[PDB]
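Shown next, in C-alpha cells, is the structure this report addresses.
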Amino acid sequence: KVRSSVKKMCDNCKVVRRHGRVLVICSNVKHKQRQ
Amino acid sequence: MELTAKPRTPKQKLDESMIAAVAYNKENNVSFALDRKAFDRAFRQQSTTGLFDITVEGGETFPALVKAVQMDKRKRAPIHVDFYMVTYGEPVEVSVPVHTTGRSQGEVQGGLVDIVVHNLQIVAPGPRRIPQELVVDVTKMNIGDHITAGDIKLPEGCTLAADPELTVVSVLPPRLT
Amino acid sequence: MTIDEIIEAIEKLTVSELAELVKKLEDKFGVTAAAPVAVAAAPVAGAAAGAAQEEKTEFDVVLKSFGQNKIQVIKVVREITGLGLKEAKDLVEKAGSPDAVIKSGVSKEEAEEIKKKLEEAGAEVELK
Amino acid sequence: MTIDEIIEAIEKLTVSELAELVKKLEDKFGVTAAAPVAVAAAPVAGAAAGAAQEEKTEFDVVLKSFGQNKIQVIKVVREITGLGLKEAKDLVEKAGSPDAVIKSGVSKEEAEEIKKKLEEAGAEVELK
Amino acid sequence: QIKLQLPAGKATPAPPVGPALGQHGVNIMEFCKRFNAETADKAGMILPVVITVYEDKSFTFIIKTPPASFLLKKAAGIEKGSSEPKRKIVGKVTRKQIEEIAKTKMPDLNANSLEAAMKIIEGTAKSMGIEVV
RNA sequence: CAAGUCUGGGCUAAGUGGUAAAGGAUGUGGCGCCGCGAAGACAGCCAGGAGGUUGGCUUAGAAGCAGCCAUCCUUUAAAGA
C-alpha cells in the first residue's frame, strides 16, 4: 500500500518478511500493508 | 554501599564502570572513588532524599552520602559526584520530600488539578533524624485556590530551612474553573 | 497425625465429607479468618465429585436434544437447575454435547427424575 | 442472567455440581487469583450434601457399637475412611453417638458395603 | 430469548415494544397485556424483564429488580441525569434511605446481604450522579 | 601493477561496500529489567466465555462494540473502568 510507513491495524495484523521486505498480513483485505 | 578507590586517576575511571565522586566531610576530602554501578542501584533508590553509606576499609561506615552531583553530560548519563558525611549531632542541610495521595476535590469532580513547585523540602529537623518519607496534605483543591510555605503544617523536628508564603502547591484549571 | 496424612484425609473424605467439613472447620475460622484448609478442601470436593461421576456412585442427566417441545422443555431445564431464562435456553440448545448434563450430581432416583422431566417436557435424555 | 440468579444456580447445583464447578471455575482463576465464587461454592456443596443426607439420595453408614472385635473392626474403619490409627480408634469408640457415621456420603451400594465391612469386622452398623 | 426494559402499567408502546420482541419471536400485544397484569402492582416506576419465546412464536417470563441506578432515581426524585457524573456530581442522597431501598431491591440484587447490596447502591448512584453523601 | 589469497580475536549473507535525511520493521550479533514450570510458566487446548453493570448528552440508538461524561458495588471459581 503506502510503500513507506507500514504500521499494524486489526488487532492481529502481522509484520512479515518477504524479500528484506516488510509487508503486513492480516485476515481483512482492509490491511494489505505493503512497503 | 561499598564504593571504592581514591588515588588520583579520572579520565579512565571516568571510563568503564567507576564514575568518580569526592569523599567529602566537614574538614576533610579525599580523592574520589565509588563506581557507576553502585550509584545506579542506590542513588536509584533515592539520592538526596533517603540516605545510607559505604563500608570502605570498614573505614567509618557513616551516613549522608550525596550533597552535590548531576547525572551530567549530554546522554543524561552522570559522572563526577559529591559525597558528604555527618557523624554529627548537627545535620541541618536536610532535603527529603513530602507527598499527598490525590484528594478528590479539584480532580475527581472538577477535573481541576495542581502545580507543586514544592514536592521536596530543605530544612533541618532533628539531625540524623528525618523521615525517609514525609507526608503532608491538608487536601483542599479547586477554583483559583492556592497553598504554600506558611500554612505548611510541620511535624516534630522543627526547622524550616526555607521561608513562608511560597511554592507549596495550588489548584489550576486543567482546562478551566 | 501428620501433614501428608491430613492431606490424605481431606482427599479420601468423599465429596460430602469435603463440602461439609469445609463448612464446619470454616465455621471454626470463619469465611475470613479462615482460607487455607477448607478453601482448598473445596477443589478436593470437586475432584471427589468427579470421582463419583467416573465411577457410577453419582449420576449425570444429560440432554441429548429437544423435539417438538423446546419451549416446555426449556421450562423444565430452567426450573430444574435454576438457570436464568437466557442461560437455560443456551444450554438447552447445547443439549447434544458431551457436557450436556442437564443436571450433574444427582442420585439414581433423583436423576431418573430429571431425565423424566426433560423427556416429558419434550426432550430426549440420557444418564451418564 | 443476574446475580441473585447465579446464586440460585450455585445453590441448586447438586453437591456434585458445586464441588466440580468449583474445581472448574477455579481452574479458570486458580487456587490464588480465584477465591469469591467457587470458594463459597464449597460451603454450598456442604449444604447440598447435607440435603442429600436429610432426604435419602445419599446415605450415612453409622457405627452403633463394637463387640468382641474392636481390633479388627477398628482396622476396618481405619482402612475404610482413611483415619489415622489414633483418630480411628477414638471415633470407633464414639460409635454409638448420632454422628457415629463411620462413612458419610456413600451411595446405596457403597454404603451397604461399608456397613457390611464394619459388621463383619466385629461391629454393629446402621444406615441413616 | 430476549431481554428488555419497560414501563409499568403500560404494555405495547409501538416504538419500543413492537419492533424488537415482535420480530425476535414475540406476540407484543399478548406479552404486553400480561405484562400490565404484572406491573399493575408497581406502576409509575420503570421495571425490567427477560422474555423468552421458544417454539410456537410465544411466551414471556420474568421481571427482575429494575436497573439499580434508575430505581434509585425514582427514589430520589429526579427525571434525567444532571448531564454527566463525577463531572456534574451534585445529586447528594442519604445512607439510611439508601440502605433501606437496598433491603427492598435485594432480590434480583446481589445475594442477600446488607453490605454488598447497599454497596451496589452507592455504585449505581455514583454512575448516574447520585452521590452517597 | 611492485608488495602478506599473514596470522589473531569479533561481526556481515544487504554486494552494503562502489554518497542521503525523518521514518519503519519478535533481522542479527553483545549488554540491563518484570512475571514463573512443581501458586509446574507465554502460543496450543477444555471452559464458564458471573451479576447490580442494559449508568448521562444524544436516544430517535450507548445499554463496552454510535460519540460526550463514569468507572462503583457485588453474592459468590473474578471481578475485566
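Bear in mind these aren't lab numbers, they're just calculated from the coordinates by the rules spelled out. In this analysis, Cβ positions are derived from the backbone assuming ideal geometry, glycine residues included, and neighbour counts consider all displayed protein chains.
Per q in 0.08, 0.09, 0.11 1/Å, what log10 I(q)/I(0) does a Debye calculation on the alpha-carbon atoms of the protein assembly as shown return? Reported log10 I(q)/I(0), two decimals: -0.96, -1.03, -1.11. All alpha carbon pair distances within the range B:22-177 were sorted into 10 Å bins beginning at 0; the resulting P(r) in whole percents reads 9, 32, 28, 21, 8, 2, 0. Averaging 1/r over every pair of different alpha carbons in chain E and inverting the result gives a Kirkwood radius of 16.0 Å.
Can you give the convex hull volume per residue for the Cα atoms of chain D, as a whole number of Å³?
120
Which of E:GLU100, E:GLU122, E:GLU79 moves the most in a Gaussian network model of chain E with Cα springs under 10 Å? Answer for the Gaussian network model of chain E: E:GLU79.
Computed over the range E:65-133, the percent of Cα pairs more than 18 Å apart is 27.
Taking a point 7 Å out from the Cα of E:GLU115 in the direction of its Cβ, the residues of the range C:20-44 whose backbone N falls within less than 13 Å of it are C:30-34. Taking only Cα atoms and a 10 Å spring cutoff, compute GNM fluctuations for chain C and point out the largest among C:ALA45, C:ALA19, C:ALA33. Answer for the Gaussian network model of chain C: C:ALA33. Closest approach of a chain D Cβ to the axis relating D and C (residue, whole Å): D:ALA42, 2. Max-minus-min Cα coordinates of the range C:1-57 on each principal axis give 37, 24, 13 Å, with the largest extent listed first.
In chain D, helical runs assigned H by DSSP with n ≥ 4 each contribute -39500 (n - 2.57); averaged across all residues and rounded to the nearest 500, the mean residue ellipticity at 222 nm is -20500 deg cm²/dmol. When chain B is treated as a GNM with alpha-carbon contacts under 10 Å, the residue of B:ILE79, B:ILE130, B:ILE143 showing the greatest mean-square fluctuation is B:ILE143. Pairs of C-alpha atoms in the range D:28-94 farther apart than 21 Å represent 53 percent of all such pairs.
Simple spin-label estimate for A:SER4 and A:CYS26 gives 2.3 nm between the two label positions (7 Å along the Cα-to-Cβ direction from each Cα). Using the Cβ-Cβ distance between B:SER17 and B:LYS67 with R0 = 22 Å, the FRET efficiency computed as 1/(1 + (r/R0)^6) comes to roughly 0.40. Each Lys and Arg adds +1 at its Cβ and each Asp and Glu adds -1 at its Cβ; summed about the Cα centre, the range C:58-128 shows a dipole of about 260 debye. Evaluated over the Cα positions of the range E:1-64, the convex hull gives a direction-averaged projected area, one quarter of its surface, of 3.6 nm². In chain B, the DSSP-assigned H stretches of four residues or longer account for a calculated mean residue ellipticity at 222 nm of -2000 deg cm²/dmol, using -39500 (n - 2.57) per stretch and the full residue count as denominator.
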